[PDB]
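K.L.:
Requesting a structural model of the entry that follows:
(one chain, ligands or ions: 3)
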Amino acid sequence: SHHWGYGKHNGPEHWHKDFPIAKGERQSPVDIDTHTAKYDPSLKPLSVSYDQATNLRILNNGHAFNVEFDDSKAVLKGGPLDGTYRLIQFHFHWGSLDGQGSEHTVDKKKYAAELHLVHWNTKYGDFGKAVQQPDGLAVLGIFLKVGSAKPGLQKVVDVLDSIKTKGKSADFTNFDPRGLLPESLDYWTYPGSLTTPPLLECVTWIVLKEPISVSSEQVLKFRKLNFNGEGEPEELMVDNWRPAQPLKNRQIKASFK
Ligand SMILES: CC(=O)Nc1nnc(S(N)(=O)=O)s1
Ligand SMILES: [Zn+2]
Ligand SMILES: [Zn+2]
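P.N.:
Residues are numbered from 1 along each chain as shown. Ligands and ions are numbered 1, 2, ... in the order given. For reference, the structure is listed below:
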């Protein structure tokens, strides 16, 4: 298949052929330069209102694994946002044993991995309408570094063996994303895009300053996933990140001095 991916023949340098907005003015990720990302006082503290979700789904879509929220609850408000944004899913980007694998960088420094909690603006009635609008999505990005285990990640890691290959999905119940947050909600924000096709410029990025620590054993489980489908040759799911994109006219703002 010539479906997009992260390989030599289908990776980020190819994406613009099917998705011309890849070369747009508000593409993500970007490098966050601490000397030019200015403190903005128009910015409020973030309001992250999460709790245990009952019915979820975990799946390997050949690009990452998603944990999807199916309850008909978890919302993000405040910070740079107007209105209420509902959590729909989260997923990660990561590197190999030999490399870093965040999407955003800070002063050109990459973190081991990056968590994306994807939220859509409830004003729009559904996700498909939301992605068509500049205020449609809010993605809360959280860096991962390797250290001690993140207890609230363990339930996710424990079920990754069951979705090893592309197309596998599984029922997943009783998960609280509060367990994925760092202590501080200090953040940077800027207007940007989905970091994967369709690369739509519909995202308010909120990137937390404080990384979470995960164990090498936890991230190892990420790296044992496969890009390929069952029965095909093994291609380990690693380095599923897009390179940093030009800031162009944008300003990155900081919630903190
Ligand atoms: C359905 C959905 O959430 N699609 C996404 N595609 N890219 C995303 S990202 N990396 O910008 O968080 S989210
Ligand atoms: Zn796809
Ligand atoms: Zn992502």
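
K.L.:
going forward, measure contacts between C-alpha atoms and count neighbours the same way
P.N.:
Fine.

K.L.:
what about the residue of the chain found nearest ligand 1, how many neighbours?
P.N.:
Nearest residue of the chain to ligand 1, counting by C-alpha to the nearest ligand atom: residue 194, 3.3 Å away. A count of nearby residues for residue 194, using other C-alpha atoms under 10 Å, gives 22.

K.L.:
Over to residue 17?
P.N.:
Using other C-alpha under 10 Å, residue 17 has 9 other residues around it.

K.L.:
Can you list phi and psi of it for me?
P.N.:
Here is the backbone geometry of residue 17 (degrees, to the nearest 10): phi -70, psi -40.

K.L.:
Kindly report the residues of the stretch 51-200 of the chain close to ligand 1.
P.N.:
By the rule C-alpha under 6 Å from any ligand atom, the part of the stretch 51-200 of the chain lying against ligand 1 is 116, 118, 194, 195, 196.

K.L.:
quick check, the fourth one in a helix?
P.N.:
No. Checked against DSSP: H, G, I helix; E, B strand; the rest coil, residue 195 lies outside a helix; its state is coil.

K.L.:
Was I right to think it contacts residue 26?
P.N.:
No. Using C-alpha atoms under 8 Å, residue 195 makes no contact with residue 26, being 10.7 Å away.

K.L.:
My guess is the residue of the chain closest to ligand 1 contacts residue 200. True?
P.N.:
Yes. With contacts defined as C-alpha under 8 Å, residue 194 counts as touching residue 200 at a distance of 5.6 Å.

K.L.:
My reading is that residue 155 is in a helix; is that accurate?
P.N.:
Yes. Judged by three-state DSSP, residue 155 forms part of a helix.

K.L.:
For it, which non-adjacent residue is closest in space?
P.N.:
Leaving aside its chain neighbours, residue 155 sits nearest to residue 175 (7.7 Å; criterion: C-alpha to C-alpha, 6 or more residues apart in numbering).

K.L.:
and the one you found, what does it touch?
P.N.:
Each residue near residue 175 by C-alpha atoms under 8 Å, 6 or more residues apart in numbering is listed here: 52, 53, 54, 56, 155.

K.L.:
could you redo the last one with a cut-off of 7 Å?
P.N.:
52, 53, 54 (C-alpha atoms under 7 Å, 6 or more residues apart in numbering).

K.L.:
For the last one, pull up the helix or strand it's in.
P.N.:
To tie it back to what came earlier, the one meant is residue 54. Applying DSSP states H and E as the criterion places residue 54 in strand 53-60.

K.L.:
Give the next helix or strand downstream of that strand.
P.N.:
Scanning forward in sequence from strand 53-60 by DSSP H and E, the next helix or strand is strand 65-69.

K.L.:
which other residues reach that following strand?
P.N.:
Outside strand 65-69, the residues that touch it by C-alpha under 7 Å, 6+ apart are 55, 56, 57, 58, 59, 60, 88, 89, 90, 91.

K.L.:
rerun that using 10 Å as the cut-off
P.N.:
With C-alpha atoms under 10 Å, 6 or more residues apart in numbering as the test, strand 65-69 has contacts from 53-60, 86-93, 116-118, 156, 160, 163-166, 168-173, 175, 222, 225, 237.
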